[PDB]
Structures are given as structure tokens and as C-alpha cells.
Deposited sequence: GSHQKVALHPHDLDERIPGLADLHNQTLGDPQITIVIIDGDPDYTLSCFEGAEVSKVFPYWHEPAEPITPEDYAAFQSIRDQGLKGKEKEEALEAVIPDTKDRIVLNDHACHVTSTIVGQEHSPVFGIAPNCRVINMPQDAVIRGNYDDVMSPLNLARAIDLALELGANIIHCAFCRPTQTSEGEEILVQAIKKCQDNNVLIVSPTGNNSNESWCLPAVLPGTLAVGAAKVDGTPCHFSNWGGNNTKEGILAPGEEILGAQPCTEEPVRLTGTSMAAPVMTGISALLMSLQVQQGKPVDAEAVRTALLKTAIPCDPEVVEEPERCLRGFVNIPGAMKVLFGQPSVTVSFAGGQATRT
């Protein structure tokens, strides 16, 4: 393991893939989520930039104090109604945007956090564009059309929408989305599916979604979170690494090859980097077909 990663032990083949690539700046990931905090050191040296949807009215920046309030409530481990009442007591008007922006920090750090920082992401060397949505199907469709125009190889999300999704597929662009295109479910620390983890089966893959380490706004201290939307960025990173390797070998980026290699090798099952590598760059067994 030339680049030890938190998930090496939970993801067979990750260390070996990291040994070959940490990503390529010709691979662009567009993240449709909240507004992440680019002052965090995990983004120091990351190829990150923000493109705000121009059709949104800009929202007021959220204070560090508001984030600290949210983070204190999380750190306390407040749960159902207790958590709701506490958020309402202190950040009633900003809690919803904070959830989204907090999620954006975490997801983005999982994908692109720099090695040796508090968050080492799956693909620290890929180009990442955040397209923040916190200022707000139609809107998502508009975001996807913009992401395409921005040069996305991968669009990470969360009738007009159905067509926008098809346009991605028709144009060699991978869509990654959590179950609640590559659908991603969440595995427990031991590889089995989390109970909350939600066509999901047909075109979906399981990945670690429990106790994933990532960044939170306004502080250098990382936090471990659990959910299918914690597992999706892991697959976005893996997918970007596999695309990076296509570029490394002089070959063209092929998003559908990456997607099918991952699915062919619990939904469709747990991510199998070694099997997918064999399909993409080796000599796969006919039995995989």
C-alpha cells in the first residue's frame, strides 16, 4: 500500500488501485450537492472549483456559529425528536441548508481530500467541480445539463429529468446516485447491507456506507457518518480512478465500460475492484458475461 487509505481493509483492491493511480486531472467529477468549505486543509492542493447555478438567487453565507451549533448537536448524539427540537431551538432558519452544505463537505472530501490531510479521498488527483444547490426535478435537470457543458466525466447527484439522465448515458457521462446510471447502496463495516439501504437492484452496487470519514464545515476535525449517500462518493471515486487508468493507458474514457465492469463483477453485490480491473485492463473470464 503506497498510499494507505482508511478504506483499504474494507475494499479489496483499493490499495492496489491506489498504487497505480490517485486520479488524473483529465477526469472531471461534477458534484451536485450543497456548498462545501474550501478553507479546509483537505482541499489544499485539490483541483476543486465551484460553479454556482446562474439561475439561483445567491443565499446569505451561513455563519461559523450556525455550523458550530449543528456540529455540537451531532457530537451530542441527539436522535429523533430530541435532535429536531434542538435544531429548531438554535438554528431554525439555517438547519436545512446546513445539512446540505455539511453533506457537500463530507462527500467532496471523500472523493478528493488530499493525502496526509485529515481526509484522504479516493481520487485526490482528479478535477472536481462543485455545483452548490443550497440557495434553492426541473432544477436537477438544469444542473445536469450544466454539468455536461462543464465537461463532466462523472456527475455525482445527492420527465425533463429522465431525458437529462438519458443524455448523460448517450454522451459517455456516468451518473452516480445513492439508493436512499450507477445506483449505490451502503454496506456495514463488515460488508453486509445496512438495514436502511434502499431498479436499485438491477443497476446498483453496494459499497462501504457506515462510519465513513470526511470533512465538516469550519473545522479541521473530521467526522464519521453513515448512509447510502456516504457510500455513493466512494463509488464515484473508484469510478474516477478506473477512468484515470483508461487515460493513463492512452485509451479513451469509456463510462459505460467502467459501469458495466463494476456491476458484472446487496443489489448487484459488493464492489469488486480486482474483478473490475481484470475486465477493464486484463483478460476476464467469459463467465463474467
property: In sequence order, the deposited-sequence ranges that have no modelled C-alpha atom; result: 1-6, 143-152, 175-185, 208-222, 241-243, 311-324, 349-357
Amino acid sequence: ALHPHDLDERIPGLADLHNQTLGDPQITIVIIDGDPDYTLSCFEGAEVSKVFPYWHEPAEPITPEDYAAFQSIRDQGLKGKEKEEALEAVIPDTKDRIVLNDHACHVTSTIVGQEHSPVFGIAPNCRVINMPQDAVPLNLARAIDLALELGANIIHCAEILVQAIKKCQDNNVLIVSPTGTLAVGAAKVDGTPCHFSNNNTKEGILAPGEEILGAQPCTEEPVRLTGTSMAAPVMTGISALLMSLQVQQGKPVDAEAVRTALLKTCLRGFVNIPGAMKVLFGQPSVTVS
From here on, numbers count along this sequence of modelled residues.
{"query": "Entry-level comparison of average CA B-factors, 110-118 and 78-86, reporting the higher stretch", "finding": "78-86"}
{"query": "Entry-level comparison of average CA B-factors, 213-221 and 139-147, reporting the higher stretch", "finding": "213-221"}
{"query": "Options 28, 49, 249, 239 - largest CA temperature factor per the record", "finding": "249"}
{"query": "Highest recorded Cα temperature factor - choice among 71, 153, 181, 133", "finding": "181"}
{"query": "Third assignment of residue 102 from its chain's C-alpha B-factors", "finding": "lowest"}
{"query": "Chain thirds of CA B-factor: placement of residue 64", "finding": "middle"}
{"query": "Entry-reported Cα temperature factor of residue 158, expressed as the chain third it lands in", "finding": "highest"}
{"query": "Chain third (lowest, middle, highest) by recorded CA B-factor, residue given as residue 271", "finding": "middle"}
{"query": "Ranked against its chain, the third holding the CA B-factor of residue 206", "finding": "middle"}
